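In: following this: a sequence and the matching experimental structure.
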Amino acid sequence: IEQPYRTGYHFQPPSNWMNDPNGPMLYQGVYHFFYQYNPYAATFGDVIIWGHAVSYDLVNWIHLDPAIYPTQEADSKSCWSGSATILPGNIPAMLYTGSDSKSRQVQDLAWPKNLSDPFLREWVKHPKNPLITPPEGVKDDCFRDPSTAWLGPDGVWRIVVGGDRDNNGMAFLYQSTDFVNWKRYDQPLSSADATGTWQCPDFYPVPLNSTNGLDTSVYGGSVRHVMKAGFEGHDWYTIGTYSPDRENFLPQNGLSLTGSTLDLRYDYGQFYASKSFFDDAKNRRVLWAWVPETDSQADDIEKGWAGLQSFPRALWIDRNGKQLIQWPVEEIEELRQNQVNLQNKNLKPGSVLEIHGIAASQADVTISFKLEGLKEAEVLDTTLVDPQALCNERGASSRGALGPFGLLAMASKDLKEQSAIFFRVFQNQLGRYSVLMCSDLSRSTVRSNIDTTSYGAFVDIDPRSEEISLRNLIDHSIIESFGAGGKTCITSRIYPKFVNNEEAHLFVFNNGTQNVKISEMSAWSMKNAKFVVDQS
Ligand SMILES: *[C@@H]1O[C@H](CO)[C@@H](O[C@@H]2O[C@H](CO)[C@@H](O[C@@H]3O[C@H](CO)[C@@H](O)[C@H](O[C@@H]4O[C@H](CO)[C@@H](O)[C@H](O)[C@@H]4O)[C@@H]3O)[C@H](O)[C@H]2NC(C)=O)[C@H](O)[C@H]1NC(C)=O
Ligand SMILES: OC[C@H]1O[C@@](CO)(OC[C@@]2(O[C@H]3O[C@H](CO)[C@@H](O)[C@H](O)[C@H]3O)O[C@H](CO)[C@@H](O)[C@@H]2O)[C@@H](O)[C@@H]1O
Ligand SMILES: *[C@@H]1O[C@H](CO)[C@@H](O[C@H]2O[C@H](CO)[C@@H](O)[C@H](O)[C@H]2NC(C)=O)[C@H](O)[C@H]1NC(C)=O
């Protein structure tokens, strides 16, 4: 079993290092994907260029040669993350952070040189680069990742650039009318104290009471804005109201981002540098995210590659407008082969049921539980509790009233190694229920020097009138868990040892003391994605 950790349907370069997804966009019918890439190793390098790939369905990709790589003094040292904006006149403009001769972080411009090439292979840079340089009180290593631009109703472009002032992270706002001459706006679009540099900021609108996407330049009352930023190792976000005129963003929760258990995240596991883009062809917003390796660097060099991209997911605001919902883009269903189905099956306490006839290491699993005896739910007020802490304290082996009940993905025939994605149900002294979702990567592998931290998050649903549901995209070294239709997502990287010889298995289990009935569960074996390489 050669290369037992490569994904079968997730995006990743033929080899080497890949990180931050770059300038995602849908242009002239072709889905363009770009990514931070090191052409020389399975490790970050001094020379990072923009990898390129195209697709007609976000599932099968054609690898192309790099698009943006050092060719100016404005980016002589490296080409880092950025975003693609399609200006009126239908011309994709790429704004990105370059590392110039004097190792400063500057904002550069670039656009397709051959606009009649469906794959937009060759890219040309503006002579005036860098179009923006670190403002007054900003360090030269704390100003990067320009976002996709949005055109104000006053016909003026706007973009946010990550950074910070006195370690206080922020989204610096800039304006322009020609997309070349940018003027910095006195205050940032959003801030947070002592969070360190803000990375890959993303700012976009979301239609209320709708599951569709909106182009970046939509404003209204039936629209809310999302200020996303990456800091302290995760991607945080906050839904609020944006006034392009007054030029201020007011978070709904009335709270500035913290990076505390009070703020929201897209995913709660391995998920970084996330960036969305609008798919006008299907009127939806697609979210791309880098999923870092969790094994050793030695391991990376060994297997010859590092970095994966979460499967593209659709994004929209929840019906209650308090949080965002994500779901794998529908095209993924095209990879489904045969199906195994379970219905009205009861998981008695201490059980472990094996799903048969599935490509256990490359599958799409959906399960929905019907709870029995909520009354017996353990009493725990989760007001200030940290779910990741809790999932790490109580793994799959920690039996409870209701829970742990869920799945055992990428597991050994003998369960020596297993990744448990499960739920727990609690109740406070007031009889109110809380649902916890876990990814117990603790026993995921017996190998050493592998990060086996477990991830966790509470799921916002009333188990007293909703079946707790879970969907897992299992693809060798990555498992993406979607709890309750997209309200709680957890991406995990697992490197079990058995994969090197024996095959993987899939189990449903209940290690609680209460019964849980599988109202229904459906699993499909996922066929490989097509990745043709057109380079040289
Ligand atoms: C869209 O993008 C570009 C236009 O803006 C264009 O890219 C160029 O394509 C040409 C042809 O493929 C490249 O020319 C090369 O020239 C070297 C010179 O040594 C050769 O390796 C080879 O040309 C050969 O050499 C002789 C003279 O050309 C001749 O004896 C041979 O028969 C042969 O022509 C290459 O073709 C050029 O470097 C490219 N520049 C870049 C990097 O942009 C795209 O083709 C164009 N594609 C479309 C229409 O979408
Ligand atoms: O690839 C560039 C892209 O990645 C981001 C994070 O999403 O950070 C870039 C950054 O850190 C990287 O490089 C260091 C080694 O210099 C490595 O340890 C780290 O894990 C990497 O993420 O690179 C510059 C320095 O060159 C730092 O300011 C930054 O932390 C993102 O900001 C950027 O667009
Ligand atoms: C279900 O819960 C039991 C209770 O502990 C688990 O039992 C295991 O506990 C340890 C694993 O963390 C090991 O000592 C053994 O695997 C086993 N030992 C005990 C206490 O009986 C059990 O593994 C759990 N089921 C699974 C595999 O998730």
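Out: Arrived safely, thanks for sending. Residues are numbered from 1 along each chain as shown. Ligands and ions are numbered 1, 2, ... in the order given.
In: got a list of what the residue of the stretch 251-400 of the chain found nearest ligand 1 touches?
Out: At 21.5 Å from ligand 1, residue 281 is the closest residue in the stretch 251-400 of the chain, using CB to the nearest ligand atom. Any C-beta I mention is one placed from the backbone N, CA and C, and that applies to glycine too. Counting by CB atoms under 8 Å, 6 or more residues apart in numbering, residue 281 touches 26, 29.
In: three-state assignment of residue 74?
Out: helix (DSSP: H, G, I helix; E, B strand; the rest coil).
In: how many other residues sit next to the residue lying closest to it once chain neighbours are set aside?
Out: Leaving aside its chain neighbours, residue 74 sits nearest to residue 129 (3.6 Å; criterion: CB to CB, 6 or more residues apart in numbering). By other CB atoms under 10 Å, 21 other residues sit near residue 129.
In: quick check: the residue nearest to residue 310 when sequence neighbours are not counted vs residue 439, distance?
Out: Of all residues not flanking residue 310 in the chain, residue 289 sits nearest, at 4.3 Å (CB to CB, 6+ apart). Counting by CB to CB, to the nearest Å, the separation of residue 289 from residue 439 is 16 Å.
In: looking at these two, which one has more neighbours?
Out: Each of residue 289 and residue 439 has its neighbours counted (other CB under 10 Å); residue 439 has more, 31 against 28.
In: okay, and the more buried one sits in which element?
Out: strand 433-440 (DSSP states H and E).
In: could you point out which element follows that strand?
Out: Next along from strand 433-440, by DSSP H and E: strand 455-459.
In: partners of that next one, with directions?
Out: Paired with strand 455-459 in the same sheet, following DSSP bridges, are strand 433-440 (antiparallel).
In: so the partner strand, near ligand 3 or not?
Out: No - in terms of CB under 6 Å from any ligand atom, no part of strand 433-440 sits within range of ligand 3; the closest distance is 7.9 Å.
In: buried ones in that strand, by neighbour count?
Out: Within strand 433-440, the residues scored as buried using 16 or more other CB atoms under 10 Å are 433-440.
In: and these, which is closest to ligand 2?
Out: residue 439 (22.0 Å).
In: residue contacts, the closest one?
Out: Here residue 439 is in contact with 269, 391, 419-421, 454-456, 479, 481, 490, 492 (criterion: CB under 8 Å, 6+ apart).
In: bridging residues for it?
Out: Beta-bridge partners of residue 439, as defined by DSSP bridges: residue 421, residue 455.
In: any idea how far the residue of the stretch 1-150 of the chain found nearest ligand 2 lies from residue 32?
Out: The minimum distance from the stretch 1-150 of the chain to ligand 2, using CB to the nearest ligand atom, falls at residue 81 (3.0 Å). Distance, residue 81 to residue 32, using CB to CB: 15 Å.
In: cool, and residue 341?
Out: If you measure residue 341 against residue 32 using CB to CB, the figure is 37 Å.
In: what about the two, which has more around it?
Out: residue 32 (24 against 11).
In: need phi/psi at the residue minimising distance to the centre of the chain.
Out: Closest residue to the average C-alpha location of the chain: residue 289 at 3.6 Å, with CA atoms, centre = their mean. Backbone torsions for residue 289, taken as degrees, to the nearest 10, come to phi -150, psi 140.
In: which bits of the stretch 51-200 of the chain sit near ligand 2?
Out: Counting by CB under 6 Å from any ligand atom, the stretch 51-200 of the chain sits next to ligand 2 at 80-81, 97, 141, 144-145, 199-200.
In: mind picking the two most distant members of those?
Out: 141 and 200 (15.7 Å; CB to CB).
In: more crowded one of those two?
Out: The residue with more neighbours, out of residue 141 and residue 200, is residue 200; 26 against 13, by other CB under 10 Å.
In: please identify the helix or strand for the more buried one.
Out: strand 199-207.
In: for the residue of the stretch 1-150 of the chain found nearest ligand 3, which three-state class applies?
Out: Distances between the stretch 1-150 of the chain and ligand 3 by CB to the nearest ligand atom are smallest at residue 4, namely 22.2 Å. Using three-state DSSP, the structure places residue 4 in coil.
In: now do residue 67
Out: Under three-state DSSP, residue 67 comes out as coil.
In: tell me what the closest residue in space to residue 130 that isn't next to it in sequence is bridged to.
Out: Excluding the flanking residues, the one nearest residue 130 by CB to CB, 6+ apart is residue 106, at 3.3 Å. Beta-bridge pairing for residue 106 (DSSP bridges): residue 98.
In: you'd agree residue 106 is up against residue 132?
Out: Yes - with contact defined as CB atoms under 8 Å, residue 106 reaches residue 132; the gap is 6.7 Å.
In: scan the residues of the stretch 51-200 of the chain next to ligand 2 and report the most crowded one.
Out: Busiest of those [other CB under 10 Å] is residue 145, holding 30 neighbours.
In: tell me if I'm right that that one and residue 169 touch.
Out: No - in this structure, residue 145 is not within contact of residue 169 by CB under 8 Å, at 11.9 Å.
In: which residues are in contact with each of those two?
Out: residue 162.
In: got the domain boundaries for this protein?
Out: Taking curated CATH domains as the reference, the chain has its domains at 14-336+527-536, 337-526.
In: could you dump those to CSV with distance to residue 8?
Out: Listed next are the domains of the chain as CSV, based on distance: least, CB to CB, whole Å:
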stretch, distance to residue 8
domain 14-336+527-536, 5
domain 337-526, 4
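In: quick one, strands of the stretch 251-400 of the chain?
Out: Along the stretch 251-400 of the chain, counting by DSSP state E, counting those that start in this stretch, strands occupy 264-265, 272-279, 284-291, 305-306, 308-309, 313-317, 324-328, 336-347, 351-355, 362-371, 378-379.
In: near ligand 3, which residues of this protein are found?
Out: Near ligand 3, when you scan the chain using CB under 6 Å from any ligand atom, you find 396-397, 399, 415, 420, 511.
In: just among the residues you listed, which is most surrounded?
Out: Result: residue 420 is most packed of the residues of the chain next to ligand 3 (other CB under 10 Å), 27 neighbours.
In: okay if I get the residues of the stretch 51-200 of the chain next to ligand 2 as CSV plus distance to residue 336?
Out: Below are those laid out as CSV (distance: CB to CB, whole Å):
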residue, distance to residue 336
80, 37
81, 33
97, 39
141, 46
144, 39
145, 36
199, 35
200, 32
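In: coming back round to it: which residues does the residue nearest to the centre of the chain contact?
Out: Here residue 289 is in contact with 21, 235, 266-267, 271-275, 309-310, 491 (CB under 8 Å, 6+ apart).
In: need the max-distance pair from these.
Out: Maximum distance among these (CB to CB): 15.2 Å, for 275 and 491.
In: that's a strand at residue 405, yeah?
Out: Yes - using three-state DSSP, the assignment for residue 405 is a strand.
In: wait, it sits on residue 348?
Out: No - between residue 405 and residue 348 there is no contact under CB under 8 Å: 10.9 Å.
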